[PDB]
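Chemist: Let me see the structure of the following:
(5 chains)
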Amino acid sequence: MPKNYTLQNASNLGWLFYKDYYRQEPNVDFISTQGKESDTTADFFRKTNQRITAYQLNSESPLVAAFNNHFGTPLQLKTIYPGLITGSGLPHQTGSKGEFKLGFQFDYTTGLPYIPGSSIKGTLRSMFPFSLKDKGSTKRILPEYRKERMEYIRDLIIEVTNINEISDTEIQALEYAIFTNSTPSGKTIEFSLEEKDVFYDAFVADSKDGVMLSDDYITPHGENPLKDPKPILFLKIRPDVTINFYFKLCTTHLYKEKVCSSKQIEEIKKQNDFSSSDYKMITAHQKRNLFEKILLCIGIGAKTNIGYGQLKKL
Amino acid sequence: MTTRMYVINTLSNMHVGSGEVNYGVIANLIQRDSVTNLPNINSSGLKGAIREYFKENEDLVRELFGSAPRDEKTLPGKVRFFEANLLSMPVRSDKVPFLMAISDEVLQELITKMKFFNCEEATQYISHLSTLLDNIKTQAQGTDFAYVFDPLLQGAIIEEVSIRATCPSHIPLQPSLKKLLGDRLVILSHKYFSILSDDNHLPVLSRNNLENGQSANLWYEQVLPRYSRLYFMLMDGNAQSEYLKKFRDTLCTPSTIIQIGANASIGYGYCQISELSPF
Amino acid sequence: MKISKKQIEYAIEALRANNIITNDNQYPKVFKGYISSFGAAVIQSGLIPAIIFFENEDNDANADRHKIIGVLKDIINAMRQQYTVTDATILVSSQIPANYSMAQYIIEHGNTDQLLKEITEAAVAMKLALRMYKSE
Amino acid sequence: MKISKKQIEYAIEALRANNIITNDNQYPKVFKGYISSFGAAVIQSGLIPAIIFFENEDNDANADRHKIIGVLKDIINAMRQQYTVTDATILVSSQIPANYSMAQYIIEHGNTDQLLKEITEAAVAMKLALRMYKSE
RNA sequence: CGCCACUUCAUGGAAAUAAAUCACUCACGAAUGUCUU
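Modeler: Residues are numbered from 1 along each chain as shown, chains lettered A, B, ... in the order given. Please find the structure below.
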């Protein structure tokens, strides 16, 4: 009940955080100004937060085991302490004392903290040169953006795979194949079912000895240092917590700076004028290593600039 | 032989977009049934996803699904795909993480569909489901109800403080019905299930578009919760026996995972398709 | 959910009556975000938390956020004024008191689906009505 | 239905007059999507919400989306100009004022079955007339 | 060395944006071209 989440004795963490958080109880008032600042409201929210922050996750969790069976072998990385925040922009605020002011990303069914696959895909793509859209507003920073990111991608690819030299067009084609599953343009490559890159949801895997959710403060001091600060309390994923990243990655075949299908590359290999110098191959394992390096570099979640969401190898 | 009922078990948050414009909070809504207003999959989307899965076997696709678009020889498909209707939806609770929620009207619709379509193993299922529905109606006596069949789930809050679970000791739940509908099953009234499945209560996922780390766009996407169960009817339209056997073997293999809906790259609509087990 | 033209009319008169829309058909640019955030809060946290948050008058916000809750109350009152006799037997057609706190009204009347549906429809109507005017 | 040549001519003149097509017979690419999406929005949502969404200025869009509402108003005005003034007819031939937003006109000129039909026909004419030109 | 606490609890920005808007096929085929008084 209080710890060891499981599936038989637990309260849905998202339910507790969003729907059951502001339940109306006798003698508890937070409609009036006096009620929102009262100690009774603070005690009520303290008890709710203590209920939220009391659950642990075992390594042999049937939930996590089912996730592993469905989505394959995970990439296990461990949280370091600033904490980890996801879904910070979700509205969760009334104006009371002792309540969680920022939002949190909970799975609806399981209730476990998780990172949506869209978040992981966007975070990984942001470190690739062609993530920024060529637009009127972005055209000022567009050249520097791609110039800076292309070098980073080049060194990372040379590190993770045996390719000695990679061109800018090759990097563009690889990025558009991994994330867009197309060519740099609008053209579609005839890909097989397994030749698709899928970014599943990252789930909290195992809190070894301790809870997985903790409370943290950000206390902005305004532009006037003579005025009072503003304590903002939010919910974070505790440090030393294992995060399971699930991917479905394939092998990318590059021939003459263009992305080729597996059968296409077989036919190209069978031809007489096959230049092995123009053939490049990045496997699923090397793609996973590339993504792992990106994640260890920048991290994932909210407030990543001020440290939150940084990962270490398990 | 001709008609079989297949159950869809979703492994992630699934989104089959209706494509209509909503000028409220949720910009992208999911497909809903034209009659019952419950979340569903269009038979066109189901057929397209399953054809995409089997695309490698050109002969099997040509015999079962038909000819590819704009082929010189347009030959009709033999297997008929029926739309998938919502069977069970997970609901958040305080006693357990989630519960399997089904309404009495969903049960009645399933019974009527099995009666009309004459599934392979429909007789025992219809008998037992009719008995269960009759017991539920006798116990409810016209009022709103939330009936669980596990004594430990008494007093559970089904996603709303109003909805509380009571355990009727008289009504039995057969193990095959538990396997079909799901563990930790709660039978809800039509009002309760409609409230729990409407647009104000279905899960929504918030997404934003970042340009150089700065938010450019922002929208909300409605999703069907993970581990939801949907049933659809497969009709064997005089298709060849060996291709049919391969189709059902691959479809019902435990290792087989099929993507249905939108947002495939970010892992949304991944499901497992199961056949109606004999009672 | 389809927003009727009468609901948008009610929203226009409610936004003028409180003081969102100035006499020159202009409004402060922050009320757009106020209404969008209220819709998001209703969909995510719940009706009561969102109503309590946006009803608060002792804010640090740039403008008067509680006027959007006032517009909500006026739109709901106008909607209930046109409830049919057979609607009043199923739905509550009583007028919300002007000085009454909306959050405590909802709490005392429960959390019924009628109030939540009315609030969502009125919020969408407010958004559509603001989209018809200029952001200062 | 069948294509109305006169409405296509009105659409051509309104597209030229509302600065959609440049001096060369060329238009910004996104207007094709605007015209196509307008009819679907009208059907799926209400006419009033769709007109509010497309008429909204100061939006975040790749081009001037309100220009299509201007074109629609011009086409409707031309149609009402050509309407036959006879007794026992349903159509009202009064033109839409140039100082009037379309949303306001539809708001205070209800029973808008004729307006709905005219708007749908004008959208179809706009879609078919835009194909004579090239997208940049 | 003794004695002793008060104060502060969210604001601002983004709220959808582009692509595809039907495509291909069939557009009549066969009989009767006068018959019986």
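
Chemist: burial count for residue A:73?
Modeler: 10 (other C-beta atoms under 10 Å in any protein chain shown). (Each C-beta comes from the backbone N, C-alpha and C, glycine too.)

Chemist: residue ranges of the strands in the stretch 1-150 of chain A, please?
Modeler: Assigned by DSSP state E, counting those that start in this stretch, the stretch 1-150 of chain A shows strands spanning A:75-79, A:114-115.

Chemist: my bad, should have said the stretch 151-279 of chain B
Modeler: B:185-188, B:204-211, B:214-222, B:229-235, B:258-259, B:270-275.

Chemist: and chain D, which of the ones you listed is closest to it?
Modeler: Of all those, it is strand B:214-222 that lies closest to chain D, at 8.1 Å by C-beta to the nearest C-beta.

Chemist: buried ones in the closest one?
Modeler: Going by neighbour count (16 or more other C-beta atoms under 10 Å in any protein chain shown), the buried part of strand B:214-222 is B:220, B:221, B:222.

Chemist: What is the helix or strand hosting residue A:217 packed up against?
Modeler: Using DSSP states H and E, residue A:217 maps to strand A:213-218. Under the contact definition 3 or more C-beta pairs under 8 Å, 6 or more residues apart in numbering or on different chains; DSSP states H and E, strand A:213-218 sits against strand A:232-237.

Chemist: okay, now residue 102: neighbour count?
Modeler: No chain in the question, so chain A it is. 21.

Chemist: try chain C instead
Modeler: Residue C:102 has 23 neighbouring residues, counting by other C-beta under 10 Å.

Chemist: Kindly report the same for the one 5 residues further on.
Modeler: Other residues within reach of residue C:107, judged by other C-beta under 10 Å, total 16.

Chemist: The residue lying closest to it once chain neighbours are set aside - how many residues pack around it?
Modeler: The shortest distance from residue C:107 to any non-neighbouring residue, by C-beta to C-beta, 6 or more residues apart in numbering or on different chains, is to residue A:24 (5.8 Å). Residues lying near residue A:24 (other C-beta under 10 Å) number 15.

Chemist: Geometric centre of the chain: which residue is closest?
Modeler: Assuming you mean chain A. residue A:120 (3.9 Å; C-alpha atoms, centre = their mean).

Chemist: on that earlier part again, now do the strand holding residue A:217 against strand A:232-237: the angle between them, please.
Modeler: Calculated by axes from the mean of the first three to the mean of the last three C-alpha atoms, to 10 degrees, strand A:213-218 forms an angle of 140 degrees with strand A:232-237.

Chemist: List the buried residues for strand A:213-218?
Modeler: For strand A:213-218, by 16+ other C-beta under 10 Å, it's A:213, A:214, A:215, A:216.

Chemist: Could you please name the strands that strand pairs with and the direction of each pair?
Modeler: Strand A:213-218 sits in its sheet next to strand A:232-237 (antiparallel), going by DSSP bridges.

Chemist: Of the strands of the stretch 1-150 of chain A, which is nearest residue C:39?
Modeler: Proximity to residue C:39 (C-beta to C-beta) singles out strand A:114-115 among those, at 24.6 Å.

Chemist: Neighbouring strands - and their directions - for that closest one?
Modeler: Strand A:114-115 has its sheet partners listed here by DSSP bridges as strand A:202-207 (antiparallel).

Chemist: quick check, residue B:91 in a helix?
Modeler: No. Read with DSSP: H, G, I helix; E, B strand; the rest coil, residue B:91 is strand and lies in no helix.

Chemist: Quick check: which helices or strands does the longest helix seen in chain C pack against?
Modeler: With secondary structure taken from DSSP state H, chain C has its longest helix at helix C:113-130. Applying 3+ C-beta pairs under 8 Å, 6+ apart, one finds that helix C:113-130 contacts helix C:5-18, helix C:30-44, helix C:47-55, helix C:66-81, helix D:47-55.

Chemist: For the last one, name the packing helices and strands.
Modeler: Looking back up the chat, that one is helix D:47-55. Applying 3+ C-beta pairs under 8 Å, 6+ apart, one finds that helix D:47-55 contacts helix C:5-18, helix C:113-130, helix D:30-44, helix D:66-82, helix D:102-108, helix D:113-129.

Chemist: separation between whichever residue of the stretch 101-250 of chain A sits closest to RNA strand E and residue A:222?
Modeler: With C-beta to the nearest atom of the strand, the shortest gap between the stretch 101-250 of chain A and RNA strand E falls at residue A:228, namely 3.5 Å. Relative to residue A:222, residue A:228 is positioned 9 Å away (C-beta to C-beta, to the nearest Å).

Chemist: Give me the more crowded residue out of the two.
Modeler: Taking neighbours as other C-beta under 10 Å, residue A:228 and residue A:222 compare with residue A:222 leading, 11 against 8.

Chemist: Using the three-state scheme, assign the more buried one.
Modeler: Residue A:222 falls in the coil class when you classify it by three-state DSSP.

Chemist: and it, how far is that from residue C:60?
Modeler: 9 Å.

Chemist: hang on, the earlier thing: check which residues of the longest helix of chain C are buried.
Modeler: So helix C:113-130, judged by 16+ other C-beta under 10 Å, has buried residues C:113, C:115-130.

Chemist: one step back: list the contacts of the residue nearest to the centre of chain A.
Modeler: By C-beta atoms under 8 Å, 6 or more residues apart in numbering or on different chains, the contact list for residue A:120 reads A:199, A:201, A:202, A:245, A:300.

Chemist: Please repeat the previous calculation with a cut-off of 7 Å.
Modeler: A:199, A:202, A:245, A:300 (C-beta atoms under 7 Å, 6 or more residues apart in numbering or on different chains).

Chemist: I'd say residue A:232 and residue A:215 touch.
Modeler: No. With contact defined as C-beta atoms under 7 Å, residue A:232 does not reach residue A:215; the gap is 11.1 Å.

Chemist: Any idea which residue is closest to the centre of chain B?
Modeler: Nearest to chain B centroid, counting by C-alpha atoms, centre = their mean: residue B:230, 1.6 Å.

Chemist: Was I right to think that residue contacts residue B:42?
Modeler: No. With contact defined as C-beta under 7 Å, residue B:230 does not reach residue B:42; the gap is 11.8 Å.

Chemist: of all the residues in chain C, which ones are close to chain B?
Modeler: When proximity is defined as C-beta under 7 Å from any C-beta of the partner chain, chain C approaches chain B at C:1, C:39, C:40, C:43, C:111, C:113, C:116, C:120, C:124, C:128.

Chemist: How many residues are close by the residue of chain C found nearest chain A?
Modeler: In chain C, the residue that lies nearest chain A is residue C:41 (3.9 Å; C-beta to the nearest C-beta). By other C-beta under 10 Å, the residues close to residue C:41 number 24.

Chemist: got it, and residue B:150?
Modeler: 18.

Chemist: Kindly report the same for residue A:142.
Modeler: Neighbour count for residue A:142, taken as other C-beta under 10 Å: 15.

Chemist: ok, it to residue B:108 distance?
Modeler: Remark: distance between residue A:142 and residue B:108 (C-beta to C-beta) = 59 Å.
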